[PDB]
C-alpha cells in the first residue's frame, strides 16, 4: 500500500535503540554503574527479574548489527550514548578514552555504510554517582554535568554526527522517577504510592523536569556558540507523544483532552520554543512550576532545531475536574483520566504492550498538533513500533511470523506520508527497534525488534517485518 516514493527523496529512514537496552558490557571499559545498573539489581522492579548486564551484547556485536541495518537499506541509525562510559564520575572525574573509542568506532562503522548517526545524549540513564552526590535531577548542578557531557560528545563526535537529541522522553522518565516512583530514583508520595526513599509527587517531578529543560538549554547554547558553524548539525529533544481523543464528544472531555496533551510534550516544548511552561499547566499548578531566571531565559533563546516525536498509541481522555476520578495516576494533576476503551470496545486492536493500540491516524493527528502549536517546527518520527509478547510465543518461528507488526508499520507509515503531503515538516522515521532488547520494567518479555534475538546464543534472525522494511526501502 505504502512505498518509499510516497515520502520525500531526502527523508531519513532508520531504526532506533538506546544504550542501556542493547549494549551489555555494563562494567567493561572503565564504565561506571548507571542508575539502571543499580536499579535492575534490586528486587521487585523488572517483570521477569532480568537486567541489562548483557542485553544484546551490542558492545561486542555492534558490527554485525550495523551489517543487518545495512542489509535493510536504512540511511540512518538512532542510538544513545552511555553517560557512564564517557564521564564515569561526572564532570570532575575525567573523560574515559575507552568510551570515546567505542562510540567513534560505532559512528565510523555506520558512516562507512552511508548510514547517518542520529544520536541521543541521554536515554533514561545517568551515572549512579550523580544521584549519590547531589540527587541528580533534583539539583541545578546536573545542568553543568549534562552541559559538560554534551560538550565532550560534540567535541569528540560532532565532526561526523549531524543530528543530536539532548533527552529521550523526559516526560516519561521524570513522572516514572519522581511521581509514580516506578523508575529510579524510585521517589513518590501519597496518593501515588509509598516510596521508602521518600519523595513528593506534587513537587519533585516539576523540579526534575525544570532541570532537564535547563540541561537541554545549557547543551544547545554550548552547541550553537561553540560547534554549530563548524559542524552544521541540528539539536532537538525527543518526547513521548501519545495522541488523545475525547472519551465523550462534549466540551468538558474536549478540554480535558487538551489538558492531557498540554501536560505531556508541551511541558518541555513550550519552554523550549516560547520561553514559558504551557499556560494549561500554569493555570492548575501555579508556583509548583519553577520560574525561569534571566540567565535561564537567555539560554532558552537558543530553543531547539527539531521535535523528536516518539509516537506509538492513541487513547481516550475524560474529565476529572468536575467528576471524581481515581487518584494516583500520572494524569492526576492534569485533571484527566485516560483509557483505551469506550464501551467494551478498544480504541484500536490491542497489543502485548499495555496502553498500545493499533491506531494509525494517531500519528497524523499528533504531528498536526505539533504543527499548529509550534508553527511547523521540523519533526522527526524518532520512534514508532510494535511489541510482541506472551503465551502465543514459545519458539523462534512464532516470533519471526510478525505479520501483525507489518500491518502496524504499513498503517502508520501510510498516515505519516499523508500528513507530510498535507504540509507537515517531518524529515525522517525510525522504527523501534532493529533488535529485540531490554524493555525497561517489562524486561525481555516484550519484543519490539525487526530482528529476533535468541538470548542464549545472541543469534540475530530476521523477522518478516525486517524483510518487509527492506522491501519498502527498496521502493
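Numbering follows the first chain given and starts at 1.
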>> Regarding 29-37 and 421-429, which shows the higher C-alpha temperature factor on average in the entry?
In response: 421-429
> Taking only the CA atoms, which stretch has the higher mean B-factor in the record, 343-351 or 123-131?
Replying inline: 343-351
> From 217, 174, 239, 195, which pick has the Cα B-factor that tops the rest in the entry?
Replying inline: 195
>> Comparing recorded Cα B-factors across 383, 398, 204, 270, which one is largest?
In response: 398
> What third of its chain's C-alpha B-factors does residue 362 belong to: lowest, middle or highest?
Replying inline: middle
> Relative to the other modelled residues in the chain, which third contains the C-alpha temperature factor of residue 12: lowest, middle or highest?
Replying inline: middle
> Would the CA B-factor of residue 370 place it in the lowest, middle or highest third of its chain?
Replying inline: middle
>> Looking at the temperature factor on the CA atom of residue 44, which third of the chain's modelled residues does it land in?
In response: highest
>> Please place residue 168 in the lowest, middle or highest third of its chain according to the CA B-factor in the PDB entry.
In response: lowest
